[PDB]
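>
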Amino acid sequence: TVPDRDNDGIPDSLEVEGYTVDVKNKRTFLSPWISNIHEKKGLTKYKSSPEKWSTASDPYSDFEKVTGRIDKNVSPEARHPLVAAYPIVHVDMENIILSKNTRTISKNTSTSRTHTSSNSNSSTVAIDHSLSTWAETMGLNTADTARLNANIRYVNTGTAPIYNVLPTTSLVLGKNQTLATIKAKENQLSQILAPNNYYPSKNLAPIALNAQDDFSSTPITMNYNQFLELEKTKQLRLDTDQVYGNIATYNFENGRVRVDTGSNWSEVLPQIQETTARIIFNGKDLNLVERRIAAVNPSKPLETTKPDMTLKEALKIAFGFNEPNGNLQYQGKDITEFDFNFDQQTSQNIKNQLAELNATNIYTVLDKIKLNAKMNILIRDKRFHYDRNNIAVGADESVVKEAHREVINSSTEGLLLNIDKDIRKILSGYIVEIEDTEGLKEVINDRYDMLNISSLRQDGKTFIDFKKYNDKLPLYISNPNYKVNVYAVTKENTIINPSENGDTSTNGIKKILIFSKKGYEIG
Amino acid sequence: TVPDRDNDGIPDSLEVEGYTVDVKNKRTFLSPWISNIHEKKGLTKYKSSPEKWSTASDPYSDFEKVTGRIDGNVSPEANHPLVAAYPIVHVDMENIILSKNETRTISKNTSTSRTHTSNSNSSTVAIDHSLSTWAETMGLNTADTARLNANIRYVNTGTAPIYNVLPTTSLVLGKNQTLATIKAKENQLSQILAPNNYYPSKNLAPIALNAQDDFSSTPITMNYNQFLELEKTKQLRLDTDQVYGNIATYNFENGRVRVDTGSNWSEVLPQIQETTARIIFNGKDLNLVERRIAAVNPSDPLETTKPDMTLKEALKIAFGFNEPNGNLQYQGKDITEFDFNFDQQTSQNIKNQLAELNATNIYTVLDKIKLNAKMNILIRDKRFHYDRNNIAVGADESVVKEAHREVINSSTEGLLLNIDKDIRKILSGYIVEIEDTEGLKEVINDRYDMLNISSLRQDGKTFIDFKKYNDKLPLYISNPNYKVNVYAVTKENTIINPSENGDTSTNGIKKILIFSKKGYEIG
Amino acid sequence: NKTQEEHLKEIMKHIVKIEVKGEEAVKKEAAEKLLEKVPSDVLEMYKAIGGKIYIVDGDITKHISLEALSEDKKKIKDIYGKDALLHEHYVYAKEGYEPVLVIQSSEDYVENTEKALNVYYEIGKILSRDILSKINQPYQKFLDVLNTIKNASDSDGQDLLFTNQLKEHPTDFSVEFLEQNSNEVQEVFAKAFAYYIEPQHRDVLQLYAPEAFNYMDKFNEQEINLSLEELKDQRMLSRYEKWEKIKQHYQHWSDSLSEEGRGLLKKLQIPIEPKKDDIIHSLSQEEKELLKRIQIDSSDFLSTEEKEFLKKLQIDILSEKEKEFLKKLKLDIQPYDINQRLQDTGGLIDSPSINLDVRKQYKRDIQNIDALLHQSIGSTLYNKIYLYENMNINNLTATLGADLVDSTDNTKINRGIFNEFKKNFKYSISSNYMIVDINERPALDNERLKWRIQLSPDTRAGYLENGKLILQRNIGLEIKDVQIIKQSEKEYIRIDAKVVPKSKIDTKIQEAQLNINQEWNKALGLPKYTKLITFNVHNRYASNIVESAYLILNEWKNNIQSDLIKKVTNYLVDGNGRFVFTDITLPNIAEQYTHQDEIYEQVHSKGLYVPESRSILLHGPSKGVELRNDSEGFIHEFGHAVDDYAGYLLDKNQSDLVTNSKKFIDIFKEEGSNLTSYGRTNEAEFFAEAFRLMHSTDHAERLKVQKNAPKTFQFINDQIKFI
Amino acid sequence: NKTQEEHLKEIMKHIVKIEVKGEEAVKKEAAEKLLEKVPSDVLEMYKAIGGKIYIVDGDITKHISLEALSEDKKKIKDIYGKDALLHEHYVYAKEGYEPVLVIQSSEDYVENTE
Ligand SMILES: [Ca+2]
Ligand SMILES: [Ca+2]
Ligand SMILES: [Ca+2]
Ligand SMILES: [Ca+2]
Ligand SMILES: [Zn+2]
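Chains as they are written, first to last, in the authors' numbering: chain H, 174 to 274, 286 to 301, 325 to 339, 345 to 735; chain A, 174 to 275, 286 to 301, 326 to 339, 345 to 735; chain L, 29 to 345, 368 to 773; chain K, 29 to 142.
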């Protein structure tokens, strides 16, 4: 006698007209939204769709999401009915060794999750180029064949855990030369890879390609042309697919959560990716964090029965933006400091919704912009430059100077200061020159691969080391009249190879001074 | 109660008289067509058959198509009950690399296209013949044997996704010399192939025949005569069967969409091919698109119970034609710009229907021409000239000259001008010559295969290069009074071999004058 | 679960046929399957107004009865607003004094929704244009439906049921617009009937415009039978056949009459008037000398007719001890009326508020009338019976009796007072004798209320020769619908009721009494079992007296601060207090004759405070000579209650009131001459009048007491300091 | 045997609600659900010896009929023998010739045993 079309467990009038979940005398208690009571407690107004068993089309129902009867590993911002819960896994490569099939090269690589201009998850490995020719150092002729060996860690960033099955990652060199194919050892590991965790975790041993105890792994090898291209580019790329194993479900009879063999992640990802709007964001710690929010699709009659989703409410429920005093912000960081990037279809759609409202500035109309399904929005920080992968790879000179401007120590031995953990992701090193007043500059470590003088400190404040590459001896000026100039190099300006003329000099490195003092007592 | 003969969820009188799905206060409601409301909202008047669970004989029912309870990857013009949903997969080959079976190897970039001659699909590869003798480069005897290698991508142009299975593709040289058979490795890859997408999609690595990873697959080899004929024609031919695997269906108790093993594509495609009327159309960007609209077969009592389908309504529901002010047209392009090619039997039927209505102009009576099942209609574009496979390989000289009217930045380095994306396809090259005031003409790339001088730039225009075959030097203008003619050739005029007399020169190649300017500041 | 050969059986049940009847038999049976869905009542009314149902073949302009149509009337717009031609269309209806329904016959009416939908649209257009326009319908009820449709939030009802002309009308719908555009209202009613009849579109008309769905559903359930009987009321032979059946059925009880029964019926018709020589010869003593010298036109206890009757008795031959003779001689000249006694007592014919043997004669004659009224109505010569009554509004209320009818034109009803009337008029209790009619007779000038009683199978009644019937005593009536009609350009009130036994209505009143007691103990902080509010209600306007108690007590609550309320109500709970909200006469609720000394010292007025038992009465129908509404009457009596409680807080062994002290009589002679005329009689009425006007709704009436009697303002605000 | 969606139906029968009556109606109905368990005979006898049942809100020493209690009588031991104070406790009964039952009203009488 109570209307219930979707069989999820919540009646229809509750789902169109608003409902909330309250706990009263240590008992769960679901009830309609009545504002003069429930606004004071700080409860959340939920809305959903009366004809879908799950509004964002992920395998957790609306009742199980709002009341807590779920696998507890699901992230806290996916307990809302409108945010989709699904895993996002890429591969984190720590360090590489190249051996000849000592005379083997060992570097430490720093990879990152990329998003170029839906299917698959790609990451771009950047190999270190500093001091430890590669063909000489390995001793390689023309008819050689190299061998590759590295250590990886699978890392989840999504909102839902993976049980027992890791994906299958391809290793691509350059544009489209496949080197090898990484597959799961033993076909079952009996593990759990939660949201926001590494497998194996940070205090164990990484998974080694071509391991010591394994021998039946195929050797990952190269020829000579690929080896020169790997040296001249200092880059790989890891293309991971989407086989994610089964789903943990909730048993209503005795509170047990177990892996269900009749339900699968491979049959519910292409509905999440077809009915929801994606908002990619990097304000927290400058990593691309992907979320999906349920939204209307106007030409489908079971998709116009979703709730109406603005962009303000989308940001609030997915990323934890809040408005304390009317200004929508992200833990103090204000949204006039973030830019909005679109792709073409949603750009045309937003231009029509702006030309409708007689508005010109997007940042004042965010509670009036309505989202629809299959949109794609990218929200990036204004202060930095970005490359094609949308990795933070640069900044302007002003913010680098004004971030380094609060200097703690400046003498003839080094430089110690406090540096922020956002600016430490775009700098590849430091060099110090002495510029004469008639115009003679004197770079003290005049090579492209002695830049790594900076070291992260247990204090958290990095010390720019003047000693290490000056034959372990500090700097002596002959006249304090002409100046001492130290300057950071930013990752879009950092050179990774000699030129065609074999030059190893400092010309060509476009400078950004963090130091401007005449050399004497001032610094 | 209300009679329901077919048990699909919609009563009979709604299915013969027009029904539509309306949403009022976020609940799906199935209504009789009431025209004084439903034209103001923009809803659509559907009609179907009272005694078929699916009208176009495809695996999705009538109710599940009109309401949106369907697989989300199905194209939006396959949501109508009268348009059939079924996959169409051909194979896209990107480049080929020829080698001698042990430099001596060849690497060329190919351009393939889907064909339709005068049910099974195929594709025709045109290997690029310009610069970068094949036997001289490879060094082949009479006792040789060649090795062939390429990169392919499966592409879908139909209206339904294919889950986990790929077809079995034969490779044909000439007419019926099979060189190889391509199969999908491991037989189940956990992939998806959505309509209008690739596999592996454009931001991953292509599938390689006999890749660097695996070895045990069959090496593709040729004798000497096959290599002779392949050097002659520059043209392979792929053929693809129709094993598409299982079907994704819907479940009402939880909204999940899963691959049902008790339902297969290979036993429902020979019903769609028997009870529909096929319309092929290439007005989009000159690639052939195939659709099938359900129509009335007069001699079959369960096939006369479909709705009556005029050719106007078939074009509207299939390809997105609309009539803004009476003239039915496709994004401005009016239908007087389009031909009609028929096969034999439907030409007899159309001629009898036109003789019945006492009209002779088919472009004026399109709302009265009825379609029957088992037809074949081909709607091409009037401007171009087509070869034996309905591919645009020619044009008339008027539109080719009018493509080059709009000039941007002319100099002696080259030409940068705005050219249309449809007229780039028919053109195969350019010839560039210097004419004196006195009457002598000196062609500056005097070979049949130095015509690839145009090159697209990623902003959206092409830049003709004059330096490209003049030893990377700019255009020598001694006396700027006399002029340089730079003008074009079409694919139906292009030569793909040395001549039978051995003539490598540019004589005998037909040509269209597009350009002659003075040489000073105008050019 | 269903296996496959069962699906073969279902699909052959829909497909295979055994007998084919040719063409024309199926043509005939399709038309009757079309007309089977319509209610039979509109077919019978279309039969009664002179209409012909012609199921034809071929063209419909080729029929004889549509031959003389012009060129202009052959352009028809169908249900969707689109164009058609009559040689292309299939149903037309002819307008005027001889209507004709023409339907082309085919086999497409059995399964299609469109053609049957257009046929029911034409039948609805006949109903809106022909039958209902003979009793002046549609009217204000349907106008309220229309204004509910076009003032909605969502704009789908306007698209579904209105044309373009009804969309762009900027203001709301007045009855002028039904006068000069009645055909548009007819189109809208026709379109609503069409979507309601055809059972595929019923859920659509429920979803897109729910109020039209509720109107048409309640219409096709009740109002269509009521309208058929009222259409037969316009005809004379139906009236006299109903007369014939009622006279033949009630013949034997009129054959079992004696002379005493006919004398009792005629004395129940008219009041027995008093004669004057029997009044004058009754005194003969000093009492004649007290009647002989008297201020006729000065004492305010007797009415206009009564002072004129005493002026008539002076020619047949003072606020002191002579006016007690006036109180005693008030009841002496009132006519022997059974209806007035039953109307004033409310069921207690043993109330000793009148003389002794007159009470006994009343009781014996009422038992004789009720014993003669023994015949039941349950019979087989008739279906449902519709008996009427014209009644005055003043018999129910004197608050709305003056401002019901508008002052500009006296043939209208004021809509604000009508909605105040409509708001809570849910049921009725008939204690006295409803002298009802068999057929319709036009009303008197004071009687706009036009009742229409539907009976019970257990109705007990007796018959009169002159065209009337009488009902018995203590009958329950539950009101169905109250609407404004128009008849001969005079706007009226039509009221239906349905006969129920008395126990259901008194059960409702008991439930409402328990609810109001729980709520007003919960709002005042009192003991669980206290009975502080009671209802002795037995008359026709019962439901609004039950419902108006909430407004009265909330307005008393809002006009005074809560502390005086709590204190004086605690005193009244200690002194066995009540708040009797009754609509029967004041000397008959038995809180007042259980403490008075004489029968003729009884009081009948707006509110009353019984000093010994500490009770507050109220009267339902009657309106005060001073007051504007009943809430000021309740504040007016809470003034006397505050007077008593202040009289207890001077000495707990002494006088009852604070105004009987001589410390207020000086202020009453100083500032007791600047206010309204009701309180000028003596000091207590000025006390209650000041306490009434100091707590007014608008503050300017509170400020008049500030400007005229400031020391009395300071004294009354010192009388609140007793806490 | 019970399948799992039947357990969904039982747990939604305990959890989901459709109508919320505000505060005070549930406050009133909780007190009558408290007094429904007592035999009606002792209520009628407490009616006959002159007693008043006062369901109040807030503090119970702030009611009028318990105003003149001393400092000493506001130390109450409950059912378990432990200490309480009348501005902390919720039910007191007044002794003598005019007894009074004072109950603080809340929604905790419906499920709690204490
Ligand atoms: Ca639900
Ligand atoms: Ca739901
Ligand atoms: Ca059907
Ligand atoms: Ca059907
Ligand atoms: Zn007075």
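Think of the CB as a built atom: it goes at the ideal place given N, C-alpha and C, for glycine as much as any other residue.
1. Answer with yes or no whether the minimum CB distance from residue 117 of chain L to chain A is below 8 Å.
2. Where does the unbroken alpha helix (DSSP H) through residue 438 of chain H begin, and where does it stop?
3. Identify the residues that DSSP records as bridge partners of residue 502 of chain H: which are they?
4. Could you check what DSSP says for residue 552 of chain H in three-state terms: helix, strand or coil?
5. Under DSSP, the alpha helix (DSSP H) around residue 482 of chain A begins and ends at which residues?
6. Mind reading off the beta-carbon distance from residue 268 of chain H to residue 358 of chain H? Whole number of angstroms is fine, and I expect it under 8 Å.
7. If I measure Cβ to Cβ from residue 252 of chain H and keep anything under 8 Å in the same chain, skipping five residues before and after, which residues do I get?
8. Return no unless some Cβ of chain K is closer than 8 Å to the Cβ of residue 577 of chain L.
9. Taking a contact to mean a Cβ-Cβ separation below 8 Å, would you say residue 666 of chain A touches residue 642 of chain A in this structure?
10. What is the DSSP secondary structure of residue 327 of chain H, reduced to helix, strand or coil?
11. Taking CB distances under 8 Å as the criterion, tell me whether residue 559 of chain A reaches chain L.
12. Taking only heavy atoms of ligand 3 into account, decide whether any of them is closer than 7 Å to the Cβ of residue 127 of chain L.
13. Quick one: grab the DSSP three-state call for residue 346 of chain H.
14. Can you list, in chain order, the residues of its chain whose CB lies under 7 Å from that of residue 181 of chain H, leaving out five sequence neighbours each side?
15. I want to verify the contact list: residues of chain H whose CB lies under 8 Å from the CB of residue 240 of chain A, in sequence order.
16. What are the complete beta strand (DSSP E) segments, minimum 3 residues, inside the segment 451-537 of chain L?
17. 8 Å is my cut-off, CB to CB: does residue 339 of chain L come that close to chain K?
18. Could you spell out where the beta strand (DSSP E) holding residue 201 of chain A opens and where it closes?
19. Report yes or no: is there a C-beta of chain K within less than 8 Å of the C-beta of residue 572 of chain L?
20. Indicate whether at least one CB of chain H lies closer than 8 Å to the CB of residue 32 of chain K.
21. Mind checking whether residue 686 of chain L and residue 740 of chain L have CB atoms under 8 Å apart?
22. Is there at least one non-hydrogen atom of ligand 1 closer than 7 Å to the beta-carbon of residue 185 of chain H?
23. With a threshold of 7 Å, establish whether the CB of residue 223 of chain H neighbours any heavy atom of ligand 1.
24. Residues of chain K with a CB under 8 Å from the CB of residue 463 of chain H: which are they?
25. With residue 621 of chain L as the anchor, note down where its alpha helix (DSSP H) starts and where it stops.
26. Within the present structure, is the beta-carbon of residue 659 of chain L separated from the nearest heavy atom of ligand 7 by less than 7 Å?
27. According to a CB-to-CB cut-off of less than 9 Å, which residues of the segment 42-69 of chain L neighbour chain A?
28. What does residue 137 of chain L touch in chain A if you count any residue whose Cβ is under 9 Å from its own?
29. Counting beta carbon pairs with one atom in the segment 178-185 of chain A and one in the segment 232-247 of chain A, are three or more of them shorter than 8 Å?
30. Return the Cβ separation of residue 635 of chain A and residue 611 of chain A in integer angstroms, given the expectation that the two are a contact with Cβ distance under 8 Å.
31. Which residues mark the beginning and the end of the alpha helix (DSSP H) in which residue 686 of chain L is found?
To lay it out plainly:
1. no
2. 436-445
3. H:492
4. strand
5. 481-484
6. About 17 Å separates the two Cβ atoms, so there is no contact after all.
7. 238, 239, 241 and 243
8. yes
9. yes
10. coil
11. no
12. no
13. coil
14. 226, 234, 235 and 236
15. 513 and 514
16. 477-480, 485-487, 499-504, 511-513, 518-521 and 525-533
17. no
18. 201-205
19. yes
20. yes
21. no
22. yes
23. yes
24. 32
25. 612-624
26. Looking at this structure, you won't find ligand 7 anywhere; what it does contain is ligand 1, ligand 2, ligand 3, ligand 4 and ligand 5.
27. 42 and 43
28. The premise fails here: residue 137 of chain L is roughly 12 Å from chain A at the closest Cβ pair, so nothing lies under 9 Å.
29. yes
30. 7 Å
31. 680-698
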